[PDB]
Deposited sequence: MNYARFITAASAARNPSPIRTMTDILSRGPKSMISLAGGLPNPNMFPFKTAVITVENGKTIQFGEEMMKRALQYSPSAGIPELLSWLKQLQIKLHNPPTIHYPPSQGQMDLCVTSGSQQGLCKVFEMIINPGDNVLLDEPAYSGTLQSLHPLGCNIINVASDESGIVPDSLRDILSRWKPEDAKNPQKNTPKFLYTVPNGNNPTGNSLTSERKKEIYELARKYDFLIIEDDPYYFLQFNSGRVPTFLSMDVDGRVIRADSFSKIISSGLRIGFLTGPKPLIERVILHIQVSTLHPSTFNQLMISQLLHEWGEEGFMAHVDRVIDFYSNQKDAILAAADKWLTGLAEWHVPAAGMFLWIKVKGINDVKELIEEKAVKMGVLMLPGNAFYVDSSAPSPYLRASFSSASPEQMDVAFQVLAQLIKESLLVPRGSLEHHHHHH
C-alpha cells in the first residue's frame, strides 16, 4: 500500500512534539506539567448498575486531573486492542508497521476521528464515494472540504455493489497509479443500521465492495456506531475483519452503549494513517479527558469482557422492544398511507409517505424529522421522514403515529 497518495501535503508536514519525548530516580525539570497538589478536586466515588462502585483515591484523582498521552491512557488502549482482536481478528495485526500494521487511538468521540481522517485525505476537488441518505454530521464535515460527493445507489441491504461497479467504470484500474486522473480516494459507509435508513450491509455485499476497493485502490471508512445494536442472531463480519491489504479505517463509539457526554471513541486502522491522526490531535485537544478515560477503564476492569458483553445484551434487549413497539404503532395507523423497511440495527425507522412529494410541509415532531437533512441537496423535496424509537414510550408512539395518519389524510384530500 502506497499510503503517500492518501496523506495530504499538510498532514505529511506534521512532526512529533519535542516534549513527548521526555515522558526511576530522575529529576524532571523538563515537562511543564502543573502541580496536581493545587487542584481543588480531591477524591471521587461513582455508583454503578448496581451496588458496584468506582473510586478515585487521593493519587488516582491526581492522575485523572493531569495531562495524559495523545493516543489514550495505556490501560484503555490495551483493553480495546484485545476487544478488536476477539471481535474482528484483523489480518493486519502482525504485519510490519510500514505494511499497514493494526493500530488504535482514543478520540474525543468517534466524530473527532472521522474529522481528522477526512482532513488528512481530502484536497479541494477530490472525488469521494458515499450513499444518500447519509448521517448529516458527515455531510456537514465534507461540505467545507470542497470535494465531489458521488452518490451510490442503496436498498434494504445497504450499498448496491452493481451501482458502485457502474460508477467506478468511468476510470480504469491503472488510473489509480496516475495522480492527475482523479480516481476516488475513499468510500464512506455506516454498515449497520445506517443513519437515517436503519438498513444493514450483508457479508456477500461487503466481500464484493472490498474486491472493488482493491481493484480501484481506495480506502474504506467504516463508521460503525451501531455495531453493538444489531437485532438479529449473530453479528455480520466487518470490513476490518476482511482487511487483507490494510485499506480500512474503522471508527467505534461508546455514545450509544456507555455515554455520549463523556466524548470517548476509538479509531482502528493502519499505523501510517493512525500516526497522522494522533499528530493532528496532538495540536488540537492534546488528548481525550484523563478523568473520563479512567472512569471507563475502571468500569471495564470491574466488568471484564463477560460483564461488558452482558451489558451490550441488556442494551440490545431494550432497543429490540422499542423497535417492536414502533413497528406495531406503524402497522396500526400507517398501513395504506406509508411504506417502511424493518430496521436491522440502531434506533431509527425510515418512513416513506405514499402520496405526498414534500413532507417538510406536513410536519408544520418529538420523534420525527424530514428526510431533507440527510441529503447533499437538502433543498430538494423529500417524501421520507425519520422516526426515532430510542426514548418514546410504546403509547407515546401510538399517540404520535395516530396524529401522523390524520395529517397524511388531510393532504391527500386536497388536489
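Numbering the deposited sequence from 1, which residue ranges have no coordinates here? Those parts of the chain that were deposited but carry no coordinates are 24-30, 372-377, 429-439.
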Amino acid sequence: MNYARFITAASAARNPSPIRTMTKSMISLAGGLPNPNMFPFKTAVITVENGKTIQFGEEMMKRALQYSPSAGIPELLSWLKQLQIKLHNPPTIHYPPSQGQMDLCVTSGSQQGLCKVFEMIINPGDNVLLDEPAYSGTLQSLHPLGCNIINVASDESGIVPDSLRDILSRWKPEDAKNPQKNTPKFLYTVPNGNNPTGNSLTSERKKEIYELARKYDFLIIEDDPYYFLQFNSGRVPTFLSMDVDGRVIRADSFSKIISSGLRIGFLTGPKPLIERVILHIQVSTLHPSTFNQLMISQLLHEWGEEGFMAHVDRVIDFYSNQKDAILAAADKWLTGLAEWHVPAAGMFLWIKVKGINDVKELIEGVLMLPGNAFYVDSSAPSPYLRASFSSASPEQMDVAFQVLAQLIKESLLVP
From here on, numbers count along this sequence of modelled residues.
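Looking at the entry, does 231-239 or 305-313 show the higher mean C-alpha B-factor? Higher mean C-alpha B-factor in the PDB entry: 231-239.
Using only the Cα atoms and their B-factors as the entry lists them, report which of 66-74 and 349-357 averages higher. For C-alpha atoms only, the mean B-factor is higher in 349-357.
C-alpha B-factor winner, where the candidates are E119, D217, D224, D324: Across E119, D217, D224, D324, the entry lists the biggest C-alpha B-factor for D217.
Would you mind checking which of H143, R263, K177, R276 has the top Cα temperature factor in the PDB entry? When the deposited C-alpha B-factors of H143, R263, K177, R276 are compared, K177 is largest.
Relative C-alpha B-factor of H280, binned into the chain's lowest, middle or highest third: Lowest third.
Pull the Cα B-factor of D166 out of the PDB entry and bin it into the chain's lowest, middle or highest third. Its C-alpha B-factor, which the entry lists for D166, ranks in the highest third among residues of this chain.
Sorting the chain's modelled residues by C-alpha B-factor, tell me whether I27 ends up in the lowest, middle or highest third. Top third by C-alpha B-factor.
Consider only the C-alpha atoms of the modelled residues in this chain, order them by B-factor as the entry records it, and name the third containing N50: lowest, middle or highest. Answer is highest: the recorded C-alpha B-factor places it there.
Please place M60 in the lowest, middle or highest third of its chain by C-alpha B factor as given in the entry. Middle third by C-alpha B-factor.
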